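First the structure, in the form of structure tokens, and then the observations on it.
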Amino acid sequence: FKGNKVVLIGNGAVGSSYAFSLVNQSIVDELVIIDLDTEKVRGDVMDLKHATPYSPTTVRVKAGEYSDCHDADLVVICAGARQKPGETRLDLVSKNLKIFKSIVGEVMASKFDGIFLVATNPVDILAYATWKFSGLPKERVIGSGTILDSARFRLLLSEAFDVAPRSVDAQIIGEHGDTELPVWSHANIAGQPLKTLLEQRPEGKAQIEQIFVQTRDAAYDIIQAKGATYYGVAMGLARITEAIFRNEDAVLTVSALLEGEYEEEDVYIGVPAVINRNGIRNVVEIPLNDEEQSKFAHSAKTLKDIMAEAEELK
Amino acid sequence: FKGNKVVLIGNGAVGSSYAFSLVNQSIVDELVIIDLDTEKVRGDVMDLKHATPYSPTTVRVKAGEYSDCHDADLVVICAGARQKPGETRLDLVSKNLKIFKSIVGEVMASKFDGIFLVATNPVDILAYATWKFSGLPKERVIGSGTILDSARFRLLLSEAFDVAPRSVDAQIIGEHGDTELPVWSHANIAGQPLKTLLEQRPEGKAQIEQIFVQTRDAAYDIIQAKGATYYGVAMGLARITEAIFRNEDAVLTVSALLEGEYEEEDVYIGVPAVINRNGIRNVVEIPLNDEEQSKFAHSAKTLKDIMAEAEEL
Amino acid sequence: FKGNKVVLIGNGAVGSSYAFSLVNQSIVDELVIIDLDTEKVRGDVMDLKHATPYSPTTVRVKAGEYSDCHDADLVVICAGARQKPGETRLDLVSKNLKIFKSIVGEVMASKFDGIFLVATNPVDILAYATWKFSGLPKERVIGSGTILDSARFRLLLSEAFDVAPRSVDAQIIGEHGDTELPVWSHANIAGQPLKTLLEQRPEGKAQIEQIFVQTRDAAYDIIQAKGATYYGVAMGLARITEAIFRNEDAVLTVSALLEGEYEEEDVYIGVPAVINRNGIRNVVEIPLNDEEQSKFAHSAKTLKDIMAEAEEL
Amino acid sequence: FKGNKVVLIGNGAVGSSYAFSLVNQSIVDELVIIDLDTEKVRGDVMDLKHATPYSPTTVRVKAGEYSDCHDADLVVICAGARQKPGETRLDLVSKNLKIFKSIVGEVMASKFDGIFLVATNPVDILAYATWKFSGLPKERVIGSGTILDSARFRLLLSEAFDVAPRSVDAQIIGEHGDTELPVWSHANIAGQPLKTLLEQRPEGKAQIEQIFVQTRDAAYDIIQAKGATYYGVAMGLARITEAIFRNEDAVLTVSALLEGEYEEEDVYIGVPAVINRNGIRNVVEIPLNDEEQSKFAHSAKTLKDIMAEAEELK
Ligand SMILES: NC(=O)c1ccc[n+]([C@@H]2O[C@H](COP(=O)([O-])OP(=O)(O)OC[C@H]3O[C@@H](n4cnc5c(N)ncnc54)[C@H](O)[C@@H]3O)[C@@H](O)[C@H]2O)c1
Ligand SMILES: NC(=O)c1ccc[n+]([C@@H]2O[C@H](COP(=O)([O-])OP(=O)(O)OC[C@H]3O[C@@H](n4cnc5c(N)ncnc54)[C@H](O)[C@@H]3O)[C@@H](O)[C@H]2O)c1
Ligand SMILES: NC(=O)c1ccc[n+]([C@@H]2O[C@H](COP(=O)([O-])OP(=O)(O)OC[C@H]3O[C@@H](n4cnc5c(N)ncnc54)[C@H](O)[C@@H]3O)[C@@H](O)[C@H]2O)c1
Ligand SMILES: NC(=O)c1ccc[n+]([C@@H]2O[C@H](COP(=O)([O-])OP(=O)(O)OC[C@H]3O[C@@H](n4cnc5c(N)ncnc54)[C@H](O)[C@@H]3O)[C@@H](O)[C@H]2O)c1
């Protein structure tokens, strides 16, 4: 009768923010933190512990090492190099594949047999790498993917239509990055067709474009202003973690392995997927219009081309 | 029919962590953020907004200016200088009093008439300054005080006795800082007398001392390790914010103005107090044993002596 | 600096279940309960209070009278006759209109100036009566309407497609009752077209019909089995109450007054509407396909024809 | 990677109220309901399901049968006869021991191997019976016990001292019934000694007595007014369920087997106990003053005497 145990690997801006989300939300009762930078781990574990007395239910936070993964239920990896102003996520594949080779190896050696959730960029390729490196079933390796892009798209739409974000059903799919695409054929508020409504406005075409551009380029805009992003992804990671430990069968856009869905194979990419205690139950295959079909195929190809050139993946 | 509006002033490590706590907890539906550093604000407001679609209920985050305080319900101040390794919180007094004279003046000029909640150090003196600069009733000016020290004490006890932190009722009172004191006459788990039980262990006196030393010196230990603290205080600030907006009448240890309670006057200091939508309803006066009476009076005197020498005050 | 106060009028199966939902959810900090049956109220208020120490945040429950409505923020009406096996909700109109003339008059005489939320059946007509008897603006009078039908529709779809209910976006609009209609032009899971997918299955047309029939007739099925329904409606009432007190601007299907939207006027009927601290901010006008336009107009006419014949109205 | 599954046996006022709490609180993702009265089960399951779309996270509700207990994590028993005005809880032992013999037998036959939580009265004796009938470790059989009495005591004190119930730490221990006792040596608000404070008031001794009398006799007062109690116990049951599935190590007053604690053995009785995913981790042994020692011993003896006369327990 064990409790729920999360091991976080990588305790920088993103990891520590995710840790604080877990302390606020009490999704799990035990969190173990691993990082090369043991002193920052020490400092954050103490600071975090001091918040736990106000957590809705008990959360135990501790500094850990790889042996601690043996009975972990979820391993969350936020370790690695981040982009500078003027850099793309794909600009990181080389260094971060190096790092994941090491990390996932250390984890599997502890006899870990849970679920992986990865945030390190480029997240689709790193999720793919975690799947390949680990040998685990696809259901048990998840990338955060467009969990965050979808939230940004919803946030910008909630402002444009002046309603709660919870009342906007809208999705970004594809690469978590420059080839991502909005699913305008779906995006709605209680059935209001948002793109059609925007098009009716003056320079509506312009507004439709700005909403997508601000979605696609949000990471760049935040990095320009404060150097790094972390709250959005931390919250997105928390949301996925919740769907797993509360066994929800909730549909979320995450980075998932495709094996024939959307006519693509052998690539992790952002799609709606059913999430439960077992990880990804299945990819959800939605109708795409012609523009969406064309953009999704191009995104998959973009990712697959970069993967074919990554020597670490061979 | 207005919603609940918080203005954060000071969006650094502490302020932004508090803002993220509010995005996670959905205590209020509107958060406005002010800092001299407008670029950091723009960046944080964006990053935070992107978390809000997953908030339990709607939270709107925006960059603001003082004029936005006119109809604010709570102003939370986390602006100012922090301490370096080696420094105490009292070392910050002159610098942060000058800053508060400016901030509080700009807030009051907006016609603000809500509640203030202060974290800037030294927090007891700065809560007092906020009360005096603002002219507001004492019920409406709160310092975070020992909200955080009490949590640390509970956390260390919960490890020493191996139970949930929410099952430990234990309190730190006094200055948020070096003259703070544990209330061992009270500390208990379902009535287990924690000091008495600890004294029964091998080198129990030593354990009793180490638990308080690790509580008292936690800030220094964290700063040594990662340069500043922010999660504990953000969570404590969120707890107080919840007691207010959910009108709880919850008893929390915060920095409050004393006017006779504990035989002290004209000083903000950490004590249990009842918190509700109107702010501090009243200070709770608990019995202290002789050691605790001694230390509490010493803590009050220490703060009052510092206030007596402060040019701004 | 007032807290949030709800007065429940009608403490039967529905009212007491709603009260228990509020004790579980801590949406508001104060709940006052009125019923002619003062013994049941005394008994429920006690039982409920005993649950409150485990509520997420403070909830105070008490027995009240109309005078207690003076500073209430929300009055929720669940008082009146329910239907028997075999009866429709429209059968209740004359009896429950007489009751509302009395209740609403007693509330308004207390100087109440908040929001009304109505569950008594037939709920659309009784929300309309509440608006007219009270003289309050339409934003401040809400019927629960299809909040519950939409939930049932989502629940049955979530079983048909094997995903979380919160992952199904689907709506019932129109009368809360026999002329209600599914919005199949919208119903989707992450964009999966649910009617189209169902039509692809063996006897898909049949499944499509059975899903709506089980939605439309759910109340009758539950009443046949246990004599009355209460959990679904209590939960829906709590959802609406949350959207108000957390100022959400959330879109929910409730009974709202139409003044031109959907080409209908002078009728309360179930439609998506934006809900916040001020009540219904506005009705949301969504595109309906030809079948849905037909059925919605028929539902509106059905309600308006009944209102036209009602002596009290 | 299974989710969390609760089977409720007995779907009357108490059981159905507990079920509605679980739908509001989303403690677990799956609830199965068993009752002889299959029609009321059918009606409640439907009514409850229709609430689940607004649950914080997914809750699946269904009508079940004993075979469904095979992989249940928690079985909650609220089945059986309830008291009439003018009756005590011990007035039920005979009929309800009969019923538990049957129920627990049917459950164990399904190969259930989780935790039992019992509410049926008299709850201490019925928890003891569930332990004996089932053969399960004491850690895995819990009675609701004074979870409710403690809440009532706290509620009455919160009114007398005008603070949040969450800020009153106070406990009732002993039999869930007439021999229960307040722990005045402990009861406090942030260290304020409540009994001492009450004694300082005019007729303070009277008020101290009324507070206890209204605690002890609450069930009778509610039964006189509306015929049965159910919300308080449902909420108390929910609280215990939460401590289990969120693995809290929270101290709650519940009915637990004593094996030497408080100098008593072979009796289930209301005491503070540490609750986690494994059930009762341990009884918490607090100092009692002389009056409390005397009353607790008498309560244990009262229960043990009645057990020795219950032929069903032999
Ligand atoms: N998926 C998303 O939506 C998203 C959003 C923002 C950032 N990111 C990515 O997440 C990653 C982390 O970003 P950040 O801002 O937290 O960076 P950071 O520099 O703040 O933290 C990186 C952490 O990784 C640790 N680390 C490096 N190698 C390690 C190893 N081999 N083993 C254990 N720990 C190791 C470092 O010590 C450091 O603590 C970056 O790749 C960034 O691109 C993803
Ligand atoms: N009460 C506690 O438990 C506790 C805990 C930790 C820190 N603190 C105190 O909190 C304060 C903030 O700490 P931090 O780590 O966030 O510091 P930080 O350096 O990260 O941030 C300080 C922020 O204050 C802003 N600021 C300075 N003057 C301003 C002004 N006049 N108007 C608007 N903004 C102004 C700065 O621009 C900066 O954004 C420090 O005094 C620290 O000692 C208190
Ligand atoms: N909107 C929906 O989805 C929905 C669902 C279920 C029931 N309902 C309706 O809710 C209403 C209540 O149903 P119920 O099962 O709780 O009925 P019930 O018989 O259990 O309770 C009705 C309560 O109304 C009280 N009452 C009658 N007149 C009163 C008055 N003048 N002043 C104060 N109290 C008065 C009665 O004393 C009783 O306590 C019925 O009209 C039912 O049709 C609506
Ligand atoms: N522990 C507490 O704090 C507390 C509080 C209130 C009530 N109770 C007790 O809880 C029990 C239930 O009370 P209630 O008000 O819900 O009673 P109720 O009559 O409303 O419900 C009893 C249910 O048990 C079912 N049942 C009877 N025998 C069964 C069997 N053999 N198998 C499966 N189901 C069976 C009945 O069909 C009925 O649905 C009573 O013993 C009451 O004394 C305990």
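Table: residues versus (1) within 30 Å of C:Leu155 (Cβ to Cβ); (2) within 16 Å of ligand 3 (Cβ to nearest atom); (3) aromatic (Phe, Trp, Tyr); (4) touching a strand residue (DSSP E or B) at 6+ places or on another chain (Cβ under 9 Å).
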position	(1), (2), (3), (4)
D:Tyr66	yes, no, yes, yes
D:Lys84	no, no, no, no
D:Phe100	no, no, yes, yes
D:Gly105	no, no, no, no
D:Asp113	no, no, no, no
D:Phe133	no, no, yes, no
D:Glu139	no, no, no, yes
D:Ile142	no, no, no, yes
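In the range B:227-249, the residues that are within 12 Å of chain C (Cβ to nearest Cβ) and free of Cβ contacts under 8 Å to residues at least 12 places away in the same chain never reach a residue that is of a type in the set (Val, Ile, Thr) and away from ligand 4 (no atom under 16 Å from the Cβ) with C-beta atoms less than 7 angstrom apart, at least six apart or across chains.
If you go through the range D:74-102 and keep only what is within 14 Å of another protein chain (Cβ to nearest Cβ) and over 14 Å from D:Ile9 (Cβ atoms), you end up with D:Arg82, D:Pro85. Looking only at the range C:148-197, which residues are of a type outside the set (S, T, N, Q), closer than 15 Å to A:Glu285 by Cα and in a helix (DSSP H, G or I)? The answer is C:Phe161, C:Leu194, C:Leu197. The set of residues in the range A:247-271 that are in contact with an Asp or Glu (Cβ under 6 Å, 6 or more places away or on another chain) and in a loop (DSSP other than H, G, I, E, B) contains only A:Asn247. Within the range A:70-86, residues that are free of Cβ contacts under 8 Å to residues at least 60 places away in the same chain have Cβ atoms under 7 Å from residues that are among the small types (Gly, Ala, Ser) in these pairs: A:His70/A:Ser110, counting only partners at least 6 apart in sequence or on another chain.
In the range A:31-40, the qualifying residues are those that are more than 8 Å from ligand 1 (Cβ to nearest atom) and away from chain D (no Cβ under 14 Å), and the one that is farthest from A:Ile240 (Cα to Cα) is A:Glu39. Residues being away from every other protein chain (no Cβ under 14 Å), part of a helix (DSSP H, G or I) and among the hydroxyl-bearing types (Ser, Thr, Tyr) are entirely absent from the range D:8-30.
Residues in the range D:149-187 that are facing another protein chain (nearest Cβ under 8 Å) and either more than 20 Å from the chain's Cα centre (by Cα) or not in a helix (DSSP H, G or I) (or both): D:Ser158, D:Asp162, D:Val163, D:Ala164, D:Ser167, D:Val168, D:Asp169, D:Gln171, D:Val183, D:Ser185, D:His186. Of everything listed in (1) surrounded by 24 or more Cβ atoms within 10 Å (Cβ to Cβ); (2) away from chain A (no Cβ under 11 Å), the single unmet condition for B:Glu30 is (1). For the range B:71-113, a residue qualifies if it is of a type in the set (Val, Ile, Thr) and either under 26 Å from B:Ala243 (Cα atoms) or within 16 Å of ligand 4 (Cβ to nearest atom) (or both), and the qualifying residues are B:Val75, B:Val76, B:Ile77, B:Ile103, B:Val104, B:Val107. Within the range A:144-165, residues that are on the phi > 0 side of the Ramachandran plot reach partners that are small (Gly, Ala, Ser) with beta carbons closer than 6 Å, at six or more positions or on different chains, in the pairs A:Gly145/A:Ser255; A:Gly145/A:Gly270.
When you scan the range D:38-51, do you find a residue that is in a loop (DSSP other than H, G, I, E, B), assigned by CATH to the domain that holds D:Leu97 and surrounded by fewer than 23 Cβ atoms within 10 Å (Cβ to Cβ), even just one? No, that holds for no residue. Being touching a residue at least 12 places away in the same chain (Cβ under 8 Å) and either more than 13 Å from every other protein chain (Cβ to nearest Cβ) or in a helix (DSSP H, G or I) (or both) is the requirement here; does C:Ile222 meet it? Spelling it out, it is not the case that C:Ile222 is touching a residue at least 12 places away in the same chain (Cβ under 8 Å) and either more than 13 Å from every other protein chain (Cβ to nearest Cβ) or in a helix (DSSP H, G or I) (or both).
Screening B:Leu288 with (1) in contact (Cβ under 8 Å) with a residue 60 or more places away in the chain; (2) facing another protein chain (nearest Cβ under 8 Å) gives one miss only, at (2).
Counting residues in the range D:231-251 that are at the interface with chain C (Cβ under 10 Å from one of its Cβ atoms) and without any contact (Cβ under 8 Å) to a residue 12 or more places away in the chain gives zero. The number of residues in the range A:202-247 that are within 16 Å of ligand 2 (Cβ to nearest atom) and touching a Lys or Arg at 6+ places or on another chain (Cβ under 7 Å) comes to 3.
Does the range D:234-246 hold any residues that are within 14 Å of the chain's Cα centre (by Cα) and either of a type outside the set (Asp, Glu) or part of a strand (DSSP E or B) (or both), and which are they? Result: D:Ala234, D:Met235, D:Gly236, D:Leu237, D:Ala238, D:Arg239, D:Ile240, D:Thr241, D:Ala243, D:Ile244. Of all the listed residues (A:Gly105, A:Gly143), the sole one being under 15 Å from A:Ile9 (Cα atoms) and either among the aromatic types (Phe, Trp, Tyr) or more than 9 Å from ligand 1 (Cβ to nearest atom) (or both) is A:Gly105. Among the residues making up the range D:224-237, those that are surrounded by fewer than 24 Cβ atoms within 10 Å (Cβ to Cβ) and near ligand 4 (Cβ under 9 Å from one of its atoms) are D:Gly227, D:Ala228. The residue pairs whose first member lies in the range B:127-151 and is within 14 Å of chain A (Cβ to nearest Cβ), whose second member is more than 10 Å from ligand 2 (Cβ to nearest atom) and among the charged types (D, E, K, R), and whose beta carbons are closer than 6 Å, counting only pairs six or more residues apart or on different chains, are B:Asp149/B:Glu180. Look at the range C:13-37: where a residue is in the same structural domain as C:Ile222 (by CATH), no partner that is within 16 Å of ligand 1 (Cβ to nearest atom) sits 6+ places away or on another chain with Cβ atoms under 7 Å. Take the residues of the range C:82-112 that are crowded, with 17+ Cβ neighbours inside 10 Å and in a loop (DSSP other than H, G, I, E, B): which is nearest to ligand 3 (Cβ to nearest atom)? Taking the candidates together, the pick is C:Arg82. Would you call A:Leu198 more than 13 Å from chain B (Cβ to nearest Cβ), of a type outside the set (D, E, K, R) and farther than 13 Å from B:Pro53 by Cβ? Answer is yes for this residue. B:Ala63 passes every criterion in (1) surrounded by fewer than 22 Cβ atoms within 10 Å (Cβ to Cβ); (2) away from ligand 2 (no atom under 14 Å from the Cβ) apart from (2).
The rows are residues; the columns are (1) crowded, with 24+ Cβ neighbours inside 10 Å; (2) under 16 Å from D:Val233 (Cβ atoms); (3) in contact (Cβ under 8 Å) with a residue 40 or more places away in the chain; (4) more than 10 Å from ligand 4 (Cβ to nearest atom).
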{"residue": "D:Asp68", "(1), (2), (3), (4)": "no, no, yes, yes"}
{"residue": "D:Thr88", "(1), (2), (3), (4)": "no, no, yes, yes"}
{"residue": "D:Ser94", "(1), (2), (3), (4)": "no, no, yes, yes"}
{"residue": "D:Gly105", "(1), (2), (3), (4)": "no, no, no, yes"}
{"residue": "D:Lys111", "(1), (2), (3), (4)": "no, no, yes, yes"}
{"residue": "D:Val168", "(1), (2), (3), (4)": "yes, no, no, yes"}
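Virtual Cβ from ideal backbone geometry, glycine too; neighbours counted across all protein chains shown. Numbers and lists here come from the model and the stated rules, or from a named source; no laboratory read-out is quoted.
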